[PDB]
Every structure is written in C-alpha cells, then in structure tokens.
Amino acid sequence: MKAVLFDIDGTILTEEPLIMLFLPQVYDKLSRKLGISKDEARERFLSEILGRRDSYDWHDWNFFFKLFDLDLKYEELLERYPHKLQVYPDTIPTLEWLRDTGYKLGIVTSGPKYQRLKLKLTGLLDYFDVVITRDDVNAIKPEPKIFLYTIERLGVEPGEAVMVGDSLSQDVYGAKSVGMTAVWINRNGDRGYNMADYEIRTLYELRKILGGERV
C-alpha cells in the first residue's frame, strides 16, 4: 500500500456534541419564523433531513439552514464552538504513525467545503496530503469520481490505496467499486453485512492490518 484515505464524520472525529448544541437553536428559529411550536419545528426539520437521505443535499447542513431560510451558517457555528468537535483518541496516534511510515494521506468526504474548516479547527488538516470534499468534485460518495480524483492527486493507483470510513454504502461500497481496499470502522456495534475487506473498532487496528513495513 502507498496511501490511506479517510472519511471524516464518525471516522476521525465526531460533530455530535455540536449537533446537540445547535439543534435546539434551529428549532427555536424555525418556530419563530413559521409560527409553529418548537416541537413541531423539530418534526418538520428532522422530517426534511430524513426525506433527503441518499442524496447530494443530505450532506450539507447549510442546505437545511437555507431550505428553511434560517439565519444560521454552519461555518459560523464551527468557528464559535470548535471544542464541540471531538477528535477520537485513536485518530492522532494513527495519523502520526501513517505519516511517519511514508503513507500518503487523503480525505474523501461527502460533506461540503466546511469539512476542511472542521479539520483545521481540530488540528487535523496538516496531516493530509490532499483533502477532497463534495464541493471540490461536485459529487458524493460512492460516486467513483470523488475517490478517483483523490488518488490522482496523491499520484497512486487504486490498488495501492486503502479507504477507511464508517459508511458501508458511501465508504466501503465506494472504495471497493474503484479497486481500493475497503476498511469499515464500526464504533457502535453495528451490522457489517459481510462486506468490507476488514472491520475495525478503532483506527489503532490499522497497524496490524497494514504491517509496519515502510512504504
């Protein structure tokens, strides 16, 4: 192997604490705006998200803010509350080890350009040789172009790359479809459907999968 590619959300960090902080503010603003209760605003907001799953737009918080004409920008929430982005303890030792060993490191994410800001705010950005978001290729995983553009920029072949992520449909199916090795990270005891090449609970497990040999 010559390169390891990473998903962001649920893989190297989680934005769930930020979500828990801003969702009540969304429900408040939605309630004010539409003349409905906060509980009904919650229903409408979450319903719209559910209705958009498996689509391009599902991946962008700003899409949902804009859809309801709310006075919120996800970039501003990120800048204001960066401590609500939680980096998993297994992330930095693994990136350090991979970088030192000579592996090229990439990001492949279906989220929009603010995904790069998330990496900067969590001190993760500089580990990666290339970072590709939905907004860079106008596509989402598992579309082949988002994977292929990333490895093109890294200068490696698909068979020389490993993809690591927490989505069976985006990450595992997407990576395998273009000839990469696919690792599924399963932090919460979910069902794997017998798909990925490897299934791990933390990124520390990549050491025993890849071996210690320098690239």
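Residue positions are given as counts along the sequence shown, with the first one as 1.
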Q: Identify the stretch, either 45-53 or 169-177, whose C-alpha atoms have the larger mean B-factor according to the entry.
A: 45-53
Q. Which is higher in the entry, the mean Cα B factor of 191-199 or that of 21-29?
A. 21-29
Q | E143, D71, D136, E75, ranked by C-alpha B-factor: the highest one | A | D71
Q.
Going by the CA temperature factor in the PDB record, which third of the chain does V164 belong to: lowest, middle or highest?
A. lowest
**Q.** Relative C-alpha B-factor of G111, binned into the chain's lowest, middle or highest third
**A.** lowest
Q: Sort the modelled residues of this chain by their C-alpha B factor and say whether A3 lands in the lowest, middle or highest third.
A: middle
(Q) Splitting the chain's C-alpha B-factors into thirds, which one does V183 fall into? (A) lowest
Q) Should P93 be placed in the lowest, middle or highest third of its chain by the C-alpha B factor in the entry? A) lowest
